[PDB]
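The block underneath contains the structure these notes are about, expressed in C-alpha cells.
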Amino acid sequence: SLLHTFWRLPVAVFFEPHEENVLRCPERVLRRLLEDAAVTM
Amino acid sequence: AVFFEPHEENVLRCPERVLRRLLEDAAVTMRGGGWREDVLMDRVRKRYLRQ
Amino acid sequence: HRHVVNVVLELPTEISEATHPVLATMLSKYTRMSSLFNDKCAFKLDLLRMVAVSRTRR
Amino acid sequence: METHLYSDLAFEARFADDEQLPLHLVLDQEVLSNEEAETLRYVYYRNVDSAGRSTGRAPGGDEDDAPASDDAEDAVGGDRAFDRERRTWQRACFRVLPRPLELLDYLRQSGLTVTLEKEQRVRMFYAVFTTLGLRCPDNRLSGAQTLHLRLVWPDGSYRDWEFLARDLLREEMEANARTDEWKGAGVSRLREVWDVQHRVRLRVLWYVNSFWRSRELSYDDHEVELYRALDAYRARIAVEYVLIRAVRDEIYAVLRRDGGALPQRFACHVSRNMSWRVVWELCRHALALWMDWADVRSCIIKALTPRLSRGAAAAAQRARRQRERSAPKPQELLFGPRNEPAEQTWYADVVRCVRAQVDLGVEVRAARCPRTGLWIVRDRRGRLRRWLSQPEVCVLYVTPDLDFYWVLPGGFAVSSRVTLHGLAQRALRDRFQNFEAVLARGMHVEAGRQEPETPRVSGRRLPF
Amino acid sequence: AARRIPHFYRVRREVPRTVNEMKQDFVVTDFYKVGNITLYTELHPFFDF
Amino acid sequence: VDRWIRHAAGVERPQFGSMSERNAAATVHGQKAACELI
Amino acid sequence: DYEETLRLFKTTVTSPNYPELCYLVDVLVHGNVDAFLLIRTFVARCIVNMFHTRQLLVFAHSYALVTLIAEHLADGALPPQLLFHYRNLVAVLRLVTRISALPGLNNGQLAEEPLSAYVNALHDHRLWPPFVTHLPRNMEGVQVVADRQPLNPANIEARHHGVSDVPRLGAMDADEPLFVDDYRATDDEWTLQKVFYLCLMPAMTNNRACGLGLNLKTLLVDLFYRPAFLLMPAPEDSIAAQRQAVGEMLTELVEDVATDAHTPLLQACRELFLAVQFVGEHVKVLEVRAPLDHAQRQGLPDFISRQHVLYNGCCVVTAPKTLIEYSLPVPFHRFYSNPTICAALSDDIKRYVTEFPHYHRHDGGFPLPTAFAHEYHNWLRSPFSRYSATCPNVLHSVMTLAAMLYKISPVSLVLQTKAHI
Amino acid sequence: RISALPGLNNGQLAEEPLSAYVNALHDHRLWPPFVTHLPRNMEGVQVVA
C-alpha cells in the first residue's frame, strides 16, 4: 500500500498555484470519503 | 511541511493484492451485461413496436 | 381466484368469496392480469378503494 | 416558400439521374437554439438504404473494410475514404426566417393557399426552411430507408439527426407558369415527425401540385427489412460506445500485466504518511462511474477528430520522417538552413467521486517541464488547473495520437495505448470524420486569413 | 430525484456560496466600497452576469 | 483565522524597510494619512 | 381591516402543535370537489372541535382546503366567525391580486397573451406555484420534464376514479407516466394559487415551513387494513373495543380532532374512509422549462428557465410527530426548505446539520440538492429569501411580496411608468 | 434570533460555525448553569469533577 519513493527525505513547499501540492484532507475527510463510497451504491 | 518531490522512479505498490483481486472480480461481473447498446436498442424497438 | 387471495392479497380465512361479492367480481378482473403478482400492495389498495366506493349512499 | 418551390423544380430537373423526391421541411426551437439558427452556415443530408451502407459508395462491397489496421500513417485508410465520405452527403437548399411567426399565417401572407383537416394553431420562435430529397433506387420505395441531417456552424461543429423514412411516409402514402399554379393549389396537410431517438420532432409540408403526386411509386415496409435496418443503425450508434469498452478492457489488461505496482508519469508532490488503501478503493468506485456517464462528447472521441481530417495523414507521415533521420552532419550545420513539439493539446476525462459530477470534454495544454519533468498539465491560460491534487478526482488523459494515460490522484499514472482494431472503418468515419470547410458568403478565397465577422442573418436588425 | 434527495446528503461536504447570495450580505452604504468583491459581476440592471 | 482575516481586509499575504504600499493608480487629492486610537 | 385573520394565520402556522391528519387529508383529497363533498361534515367537526379545544385554525397550510371550505361550507355548518375568517382570507387573496396587476391599464391582448401577463409575473402562466394540484389551462410555451424528455405529447396523462385501475397503482413510483385528474386549471384560480404559495405563506411563516412527501401507498396497507373498515354496514361496548378495532394509529391520530359527543371514533373513521378512492400518486418533483414571453425574449433568446415545482404533495408547517415512518422530506424550492423540519423528519439531513451547524438558517442559504440549485435559472432569486427572512408579519409584507414581482420587460416599464409608479 | 447575525453568518473558520465567534450564545464553550443533558460537541471543553 505504502509508496516506494526515490528521495529519502521529504521537503517543504510554499503554496503557489504553480507547485502541484498533494491533498489537504488530514484524518477526518478521508474517513468521510470512504464512508461516502461505501454508501453511494 | 512534509512533501516528497515528483521523481520518475517513485511508484505506488500493490494494495496488499486483495484489492486488485477485487478489481479482477469486478471485471468478471462487469463482463456480463451493461453494454449500453441494448438499452437504446430495446427503447427504439419498443418505440417501433408501439407505433 | 384462490391464488390471488392466498399468496397475493393475504386475506384472513374468516372472510371468503361468498360473504363478499365485490371480491368475487374482482377475482375475474384480477386473474386476467397475471403480471405484477409480485406486487401485493397495489392490489390491496385496489380492494380498499373498491370496498370504499361500494359503501356509499349513491 | 423561397426554397421549397425552387428545390421542387430543381428535383424535377434532376429527377432523371437520381430519383430523389422532395421533402419540404421547417424546423423550430426544439431542433436548435435561436443563436444556433442565426448563424447556421449550410445543411448536409444523406440518403442511406435499408441495407445501411450509403448512396454515394459502390453498390457491392467497398474499400472500406479491413476494420481499422491501427496505423498512424494511413490512420483510417488514407484520404481516399475521406473523399468517399465527402461524396456521400449532398448540400441541400437552405433559408432562415429568424422572427417569431405563425406558419399558416405566414403562408397566408404569401400566395400559398392553405387548407388542413382541422385548424392546428402552430406558433414557434423562428423559422428555417429546408428541403430533402430521399432517393428511390427504382421507381419503388423501401419503407425501412433512413435519412441523416447535418447542421453546420462556421466554427466547424456539426449535429446529426437521423430517422427512418417510414415515419415520414406512413400516413401520406396510405391516403395517396408553374409558380402560379403552385400557389393556387398549395398545401394539403401539415405533419410533425420525431426522429428515431425521439429527441427532436420537426414539421413537414405536402403540396398537391408537386411532381411527387404523379410519379406513382410503390411503397412496402417488410419487417425483416426493418429488422436489418435497425441492425445497421445499431452498429452506427455502437461505434462510439464499444470504443469506450476498448479503453476499459485495456486498463484491466495492463494492470493484470503489470501486477498492481503502477509508476508515476505526472508531476505531483506527495505525502508518505497519507494512507493509500483509501486511494485504491476510490479508483474502482469511480472507474465504473465513468462508464455510466459515457457519451460521444468525450475526450477519446475528440482525440480522433483531428486524425480523420484531410491533411492529417500526410502530416503524420511527415512527423516520423523528421524524427527518423540521421544526426545533422558537420557539413550540414555550417551551410544548411536552420532546422526545426513544445506543448501539445490533450483532452481530458475528469471524474469526481465525491459529487458524481464528471466532466467529459476538457482542453489541456501539457508539456515537459525541465529537470526530469515527467508531465505537467496546464490550461489554455497557463492556469495549471490543479484538480489532480485533490483526493476526490480521477483523471484520464489522451493524446492527439492513440497514446493513453489513466491517472490516479497524486499523479500516479497508467501508460497504455488505444486499441480500435475491433472497430470497422466505414462506421468510424461517418460518426465523426472531420469535414472540410466549403466556401460561402463572407468567406476568404485563399485558405485561411483574418476572417471577417459572421454573416448573421438575424431578426434583431432588418435584413438589408 | 425524488428518491435521490437523501442521496444528496449522504456526502458530508458543504456547497460553496454562490455569487448572487454573496450580493446580499452588504449594507446599502458600503456596497459601493472597495471591500466588496462581487462588484465585477454587477454589470447591468436587467441581467445577472 | 489568518487566511480569513486577509480576505476580510483585502490586504496581501506576508511575502531596514521597504516601499510596502505601492502608489495608487491616479490621484486628484494629493497624499493621505489617518491614524487610530482605540 | 384583516388584522385578526392574519394574526390567527400567524398563530396557526408557526405553532408546533399542528394536527397531523391535516397533511394527510390534502394529499388524500387533491382538491376535488366531489371528493370534498363526501367529507363535508367531517371537515365541519374537524374545524369546530379542534378550534374550541385549541385556538389555532385548521387547514391553513394547503391552498385547496381553504377555498373548498370557503365555498362549500357556506351552508352554516360552522359558527359564523370561522367562515368569516375563511372569507376574509380569500378576500385578502382577491385584494392582493387586485394590486399585482394594473387594473387601470389592462384591456385587450398582445401576441396571444393578456396585457397584465407582462406587467407582473404573478399573472403570467409560465410561472408555476411550488405545490400544484391540477394542471393549468395555459401551457402553450411551457414544457414539463419528468425524467429526461419534456412531456409535450399529450397522451401520458389520464386517470379514472371508480374503475379502480391497478397499473397506475403498481407503477405509481415510476416517473415517466403521470396521471392528472383531467380538469384544467383556469387562470384566476391559477393566479390565486400562485399568490397563496408565493406571497401569503412565506411572508407569514418566515420560511419556517417545508415540503414533505407522504409515502401514501405504503401508509394505507397498514392503516385502513383492519377489518373494522372492511366489514361495514352500508359494537361500542367500551372505548378500547373501538381502539382495538381501528388500530392504534388512528386512536392517537384522530384522538380529539373528530371525536365528539354526537359522533364516535369509529363512525368518524368510516367517514374518513369514505373517500380513499381518490388516491392520487406518490410525490414527484417537476422541473418545468419555459422560455420567456416575446417582450422579454429580446436579449438572450435561447435562455430557458429552470423552475422546480412539486406534484401531489403537501406544504407543511411543522414536523409531524407520528407520520415519520411514511414521509419523505423534499427541500426543492428556496421557499419551504427549513432544516429544522427536514432534520426532525429525516436522519441523514439531521446528520448533515449536526456536522455543519451553520446551515441551520432560513434565508435560502441552506444548501439545496444539485438537481435544484440553478440559482441563475430560477424565477425567484436569493433576494426573495433574504427579504422573507426578516419580514414582519403584516399584510403589507404580503403586499410587497406581490409588488416585488413586477417584470422588467420593456412593456412592463411602459405600463408601470404610465401609472406614474 | 437576535443573538446571532442571520444576514451574515455562513461558512466557518475552525469546525465551529461562524456564528460561534460573533456571539457567546452560539458556542459550546459557555455552558448554562443548570445542565440536564450533556451536550454533543466537547472537542475543546474538558469536564472536571
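Residues in the C-alpha cells are named by chain (A, B, ... in the order shown) and by number from 1 within that chain; ligands are numbered from 1 in the order shown.
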
Can you pull out every residue within 12 Å of residue A:14, counting only C-alpha atoms, but drop anything in the same chain fewer than 3 positions away, and send it as a list in words?
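Selected residues are residues 11, 17, 18, 19, 20 and 21 of chain A; 1, 2 and 3 of chain B; 269 of chain D; 13, 14 and 15 of chain F.
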
Would you put the residues from that selection into a file with N, CA and C atoms, as an mmCIF file, in the first residue's frame?
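In the end it all went to again.cif:
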```cif
data_model
loop_
_atom_site.group_PDB
_atom_site.id
_atom_site.type_symbol
_atom_site.label_atom_id
_atom_site.label_comp_id
_atom_site.auth_asym_id
_atom_site.auth_seq_id
_atom_site.Cartn_x
_atom_site.Cartn_y
_atom_site.Cartn_z
ATOM 1 N N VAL A 11 10.553 17.261 1.608
ATOM 2 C CA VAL A 11 10.880 18.677 1.715
ATOM 3 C C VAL A 11 9.611 19.478 1.972
ATOM 4 N N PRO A 17 0.219 28.657 -6.773
ATOM 5 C CA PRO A 17 -0.640 27.977 -7.754
ATOM 6 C C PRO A 17 0.153 27.317 -8.876
ATOM 7 N N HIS A 18 1.469 27.193 -8.700
ATOM 8 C CA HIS A 18 2.341 26.600 -9.708
ATOM 9 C C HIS A 18 2.890 25.247 -9.257
ATOM 10 N N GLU A 19 3.332 25.148 -8.006
ATOM 11 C CA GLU A 19 3.786 23.859 -7.498
ATOM 12 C C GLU A 19 2.588 22.964 -7.208
ATOM 13 N N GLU A 20 2.642 21.731 -7.696
ATOM 14 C CA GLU A 20 1.499 20.827 -7.616
ATOM 15 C C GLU A 20 1.515 20.107 -6.275
ATOM 16 N N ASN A 21 0.772 20.646 -5.315
ATOM 17 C CA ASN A 21 0.743 20.102 -3.966
ATOM 18 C C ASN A 21 -0.110 18.834 -3.920
ATOM 19 N N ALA B 1 5.789 21.977 4.578
ATOM 20 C CA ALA B 1 5.852 20.976 5.636
ATOM 21 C C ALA B 1 6.600 19.729 5.168
ATOM 22 N N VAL B 2 5.874 18.627 5.004
ATOM 23 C CA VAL B 2 6.456 17.331 4.675
ATOM 24 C C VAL B 2 5.884 16.887 3.336
ATOM 25 N N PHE B 3 6.677 17.019 2.275
ATOM 26 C CA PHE B 3 6.267 16.584 0.946
ATOM 27 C C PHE B 3 7.480 16.043 0.206
ATOM 28 N N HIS D 269 3.644 16.721 -5.985
ATOM 29 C CA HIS D 269 4.154 16.469 -4.651
ATOM 30 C C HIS D 269 3.230 15.476 -3.967
ATOM 31 N N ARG F 13 -0.730 38.661 1.510
ATOM 32 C CA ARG F 13 -0.051 37.748 2.414
ATOM 33 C C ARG F 13 1.346 38.274 2.749
ATOM 34 N N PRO F 14 1.970 37.779 3.840
ATOM 35 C CA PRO F 14 3.371 38.146 4.093
ATOM 36 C C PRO F 14 4.329 37.513 3.096
ATOM 37 N N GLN F 15 4.846 38.323 2.177
ATOM 38 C CA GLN F 15 5.731 37.829 1.133
ATOM 39 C C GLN F 15 7.194 37.974 1.539
#
```

Residues of chain D within 12 Å of chain E, counting only C-alpha atoms, what are they? List them as a count of residues only.
5

Skipping near chain neighbours, those fewer than 4 positions away, what residues fall within 10 Å of residue C:48 using only C-alpha atoms, listed as a PDB file with N, CA and C atoms, in the first residue's frame?
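Everything below was put into part-v5.pdb:
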```pdb
ATOM      1  N   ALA C  42     -50.450  -2.778  -4.309  1.00  0.00           N
ATOM      2  CA  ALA C  42     -51.361  -2.101  -5.225  1.00  0.00           C
ATOM      3  C   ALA C  42     -52.679  -2.849  -5.360  1.00  0.00           C
ATOM      4  N   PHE C  43     -52.646  -4.177  -5.266  1.00  0.00           N
ATOM      5  CA  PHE C  43     -53.883  -4.943  -5.257  1.00  0.00           C
ATOM      6  C   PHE C  43     -54.664  -4.707  -3.969  1.00  0.00           C
ATOM      7  N   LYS C  44     -53.953  -4.535  -2.850  1.00  0.00           N
ATOM      8  CA  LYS C  44     -54.613  -4.216  -1.589  1.00  0.00           C
ATOM      9  C   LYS C  44     -55.285  -2.853  -1.639  1.00  0.00           C
ATOM     10  N   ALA C  52     -64.368   0.790  -0.500  1.00  0.00           N
ATOM     11  CA  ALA C  52     -64.754   2.131  -0.088  1.00  0.00           C
ATOM     12  C   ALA C  52     -65.777   2.742  -1.035  1.00  0.00           C
ATOM     13  N   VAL C  53     -65.596   2.572  -2.346  1.00  0.00           N
ATOM     14  CA  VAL C  53     -66.522   3.165  -3.301  1.00  0.00           C
ATOM     15  C   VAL C  53     -67.842   2.404  -3.351  1.00  0.00           C
ATOM     16  N   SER C  54     -67.881   1.161  -2.861  1.00  0.00           N
ATOM     17  CA  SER C  54     -69.145   0.434  -2.851  1.00  0.00           C
ATOM     18  C   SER C  54     -70.036   0.892  -1.705  1.00  0.00           C
TER      19      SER C  54
ATOM     20  N   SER G 164     -61.068   1.651 -10.722  1.00  0.00           N
ATOM     21  CA  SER G 164     -60.012   1.010  -9.931  1.00  0.00           C
ATOM     22  C   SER G 164     -58.905   0.431 -10.817  1.00  0.00           C
ATOM     23  N   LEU G 220     -51.251   3.161   3.487  1.00  0.00           N
ATOM     24  CA  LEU G 220     -52.625   2.678   3.523  1.00  0.00           C
ATOM     25  C   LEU G 220     -52.720   1.186   3.819  1.00  0.00           C
ATOM     26  N   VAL G 221     -51.674   0.407   3.514  1.00  0.00           N
ATOM     27  CA  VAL G 221     -51.752  -1.045   3.682  1.00  0.00           C
ATOM     28  C   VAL G 221     -51.675  -1.487   5.133  1.00  0.00           C
ATOM     29  N   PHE G 224     -55.710   1.340   7.006  1.00  0.00           N
ATOM     30  CA  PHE G 224     -57.115   1.041   6.764  1.00  0.00           C
ATOM     31  C   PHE G 224     -57.307  -0.429   6.423  1.00  0.00           C
ATOM     32  N   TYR G 225     -56.350  -1.264   6.819  1.00  0.00           N
ATOM     33  CA  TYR G 225     -56.382  -2.686   6.509  1.00  0.00           C
ATOM     34  C   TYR G 225     -56.984  -3.503   7.643  1.00  0.00           C
ATOM     35  N   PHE G 229     -62.998  -1.452   9.018  1.00  0.00           N
ATOM     36  CA  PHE G 229     -63.384  -0.704   7.832  1.00  0.00           C
ATOM     37  C   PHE G 229     -63.816  -1.611   6.692  1.00  0.00           C
ATOM     38  N   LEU G 230     -63.287  -2.835   6.639  1.00  0.00           N
ATOM     39  CA  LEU G 230     -63.651  -3.753   5.566  1.00  0.00           C
ATOM     40  C   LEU G 230     -65.049  -4.322   5.772  1.00  0.00           C
ATOM     41  N   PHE G 273     -62.782   7.154   5.889  1.00  0.00           N
ATOM     42  CA  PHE G 273     -62.537   6.041   4.974  1.00  0.00           C
ATOM     43  C   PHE G 273     -63.419   6.126   3.730  1.00  0.00           C
ATOM     44  N   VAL G 276     -61.295   7.209   0.092  1.00  0.00           N
ATOM     45  CA  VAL G 276     -59.940   6.762  -0.217  1.00  0.00           C
ATOM     46  C   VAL G 276     -59.801   6.495  -1.718  1.00  0.00           C
ATOM     47  N   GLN G 277     -60.925   6.383  -2.433  1.00  0.00           N
ATOM     48  CA  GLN G 277     -60.929   6.046  -3.856  1.00  0.00           C
ATOM     49  C   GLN G 277     -60.321   7.124  -4.745  1.00  0.00           C
TER      50      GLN G 277
END
```

d(atom CA of residue G:108, atom CA of residue E:46) in Å
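Calculated distance between atom CA of residue G:108 and atom CA of residue E:46 is 26.8 Å.
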
Quick one: everything within 12 Å of residue B:25, counting only C-alpha atoms, minus sequence neighbours fewer than 5 positions away in the same chain. Send it as a ChimeraX atom specification.
/B:18-20,30-32 /D:252,256,284

Non-local contacts of stretch 16-26 of chain H (10 Å; only C-alpha atoms; under 6 positions in same chain excluded) as an MDAnalysis selection string:
(chainID G and resid 355:359) or (chainID H and resid 3:6 8:10 32 41 43)

Residue contacts of stretch 1-5 of chain A (12 Å, only C-alpha atoms) excluding same-chain residues fewer than 3 positions away, as a VMD selection string
(chain A and resid 8 to 10) or (chain B and resid 3 to 20) or (chain D and resid 260 to 264 269 to 281 410 412)

Let's have the selection written as a tab-separated table (two decimals), in the first residue's frame, with N, CA and C atoms.
```tsv
chain	number	residue	atom	x	y	z
A	8	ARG	N	15.13	9.98	-0.11
A	8	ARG	CA	14.97	9.51	1.25
A	8	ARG	C	14.28	10.54	2.12
A	9	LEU	N	14.44	11.82	1.81
A	9	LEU	CA	13.95	12.86	2.68
A	9	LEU	C	12.92	13.74	1.98
A	10	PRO	N	11.78	13.98	2.59
A	10	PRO	CA	10.79	14.89	2.02
A	10	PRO	C	11.17	16.33	2.34
B	3	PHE	N	6.68	17.02	2.28
B	3	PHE	CA	6.27	16.58	0.95
B	3	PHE	C	7.48	16.04	0.21
B	4	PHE	N	7.28	14.94	-0.50
B	4	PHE	CA	8.29	14.39	-1.39
B	4	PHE	C	8.20	15.06	-2.75
B	5	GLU	N	9.25	14.90	-3.53
B	5	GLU	CA	9.25	15.58	-4.82
B	5	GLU	C	8.95	14.58	-5.95
B	6	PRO	N	8.32	15.04	-7.03
B	6	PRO	CA	7.95	14.12	-8.11
B	6	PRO	C	9.11	13.66	-8.97
B	7	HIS	N	9.78	12.59	-8.56
B	7	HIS	CA	10.78	11.95	-9.40
B	7	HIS	C	10.10	11.06	-10.44
B	8	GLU	N	10.91	10.32	-11.19
B	8	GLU	CA	10.41	9.31	-12.12
B	8	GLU	C	10.30	7.94	-11.46
B	9	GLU	N	11.26	7.60	-10.60
B	9	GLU	CA	11.36	6.23	-10.11
B	9	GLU	C	10.36	5.93	-9.01
B	10	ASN	N	9.80	6.96	-8.38
B	10	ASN	CA	8.86	6.72	-7.29
B	10	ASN	C	7.53	6.19	-7.81
B	11	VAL	N	7.08	5.09	-7.23
B	11	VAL	CA	5.97	4.32	-7.73
B	11	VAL	C	4.94	4.16	-6.62
B	12	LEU	N	3.88	3.41	-6.92
B	12	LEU	CA	2.87	3.04	-5.94
B	12	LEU	C	2.68	1.53	-6.02
B	13	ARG	N	3.05	0.83	-4.95
B	13	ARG	CA	3.00	-0.62	-4.96
B	13	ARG	C	1.55	-1.11	-4.83
B	14	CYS	N	1.38	-2.43	-4.94
B	14	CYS	CA	0.05	-3.01	-4.91
B	14	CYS	C	-0.56	-2.89	-3.51
B	15	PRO	N	-1.86	-2.64	-3.43
B	15	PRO	CA	-2.53	-2.51	-2.13
B	15	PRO	C	-2.88	-3.87	-1.53
B	16	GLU	N	-1.86	-4.57	-1.02
B	16	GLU	CA	-1.86	-5.91	-0.40
B	16	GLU	C	-2.54	-6.97	-1.28
B	17	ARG	N	-2.61	-6.75	-2.59
B	17	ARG	CA	-3.02	-7.57	-3.74
B	17	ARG	C	-4.46	-8.09	-3.67
B	18	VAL	N	-5.19	-7.87	-2.57
B	18	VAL	CA	-6.56	-8.37	-2.49
B	18	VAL	C	-7.52	-7.38	-3.14
B	19	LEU	N	-7.15	-6.10	-3.15
B	19	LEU	CA	-7.99	-5.12	-3.82
B	19	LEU	C	-7.84	-5.23	-5.33
B	20	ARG	N	-6.67	-5.66	-5.80
B	20	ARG	CA	-6.51	-5.92	-7.23
B	20	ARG	C	-7.26	-7.18	-7.65
D	260	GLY	N	-0.11	-4.51	-10.41
D	260	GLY	CA	-0.58	-3.63	-9.36
D	260	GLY	C	0.41	-2.60	-8.88
D	261	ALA	N	1.65	-2.64	-9.34
D	261	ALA	CA	2.65	-1.64	-8.97
D	261	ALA	C	2.86	-0.67	-10.14
D	262	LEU	N	1.98	0.32	-10.21
D	262	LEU	CA	1.97	1.24	-11.34
D	262	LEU	C	2.87	2.44	-11.06
D	263	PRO	N	3.55	2.97	-12.07
D	263	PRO	CA	4.52	4.04	-11.82
D	263	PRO	C	3.88	5.41	-11.87
D	264	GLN	N	4.73	6.43	-11.71
D	264	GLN	CA	4.32	7.82	-11.83
D	264	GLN	C	4.79	8.39	-13.16
D	269	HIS	N	3.64	16.72	-5.99
D	269	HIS	CA	4.15	16.47	-4.65
D	269	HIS	C	3.23	15.48	-3.97
D	270	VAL	N	3.80	14.62	-3.12
D	270	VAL	CA	3.05	13.58	-2.45
D	270	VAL	C	3.34	13.65	-0.95
D	271	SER	N	2.70	12.76	-0.21
D	271	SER	CA	2.88	12.66	1.24
D	271	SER	C	2.82	11.20	1.65
D	272	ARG	N	3.89	10.73	2.30
D	272	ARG	CA	4.01	9.30	2.58
D	272	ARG	C	3.08	8.87	3.71
D	273	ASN	N	2.85	9.75	4.69
D	273	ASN	CA	2.06	9.35	5.85
D	273	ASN	C	0.57	9.29	5.53
D	274	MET	N	0.16	9.80	4.38
D	274	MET	CA	-1.21	9.65	3.92
D	274	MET	C	-1.46	8.21	3.50
D	275	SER	N	-2.62	7.68	3.89
D	275	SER	CA	-2.96	6.30	3.57
D	275	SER	C	-3.26	6.16	2.08
D	276	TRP	N	-2.98	4.98	1.54
D	276	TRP	CA	-3.19	4.70	0.13
D	276	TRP	C	-4.21	3.60	-0.11
D	277	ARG	N	-4.63	2.88	0.93
D	277	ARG	CA	-5.74	1.94	0.80
D	277	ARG	C	-7.04	2.68	0.49
D	278	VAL	N	-7.18	3.90	1.00
D	278	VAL	CA	-8.35	4.71	0.70
D	278	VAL	C	-8.28	5.20	-0.75
D	279	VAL	N	-7.07	5.36	-1.29
D	279	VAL	CA	-6.93	5.90	-2.63
D	279	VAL	C	-7.20	4.83	-3.67
D	280	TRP	N	-6.78	3.60	-3.39
D	280	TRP	CA	-7.01	2.50	-4.32
D	280	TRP	C	-8.49	2.12	-4.38
D	281	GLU	N	-9.20	2.27	-3.26
D	281	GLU	CA	-10.61	1.93	-3.23
D	281	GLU	C	-11.44	2.93	-4.02
D	410	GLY	N	-2.63	12.21	-6.87
D	410	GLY	CA	-1.21	12.11	-6.60
D	410	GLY	C	-0.37	11.94	-7.85
D	412	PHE	N	-0.07	9.57	-10.08
D	412	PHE	CA	0.37	8.25	-10.50
D	412	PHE	C	-0.49	7.77	-11.66
```

Quick one: everything within 8 Å of residue G:65, counting only C-alpha atoms, minus sequence neighbours fewer than 5 positions away in the same chain. Send it as a list in words.
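Near neighbours after the sequence-gap exclusion: residues 26, 31, 59 and 60 of chain G.
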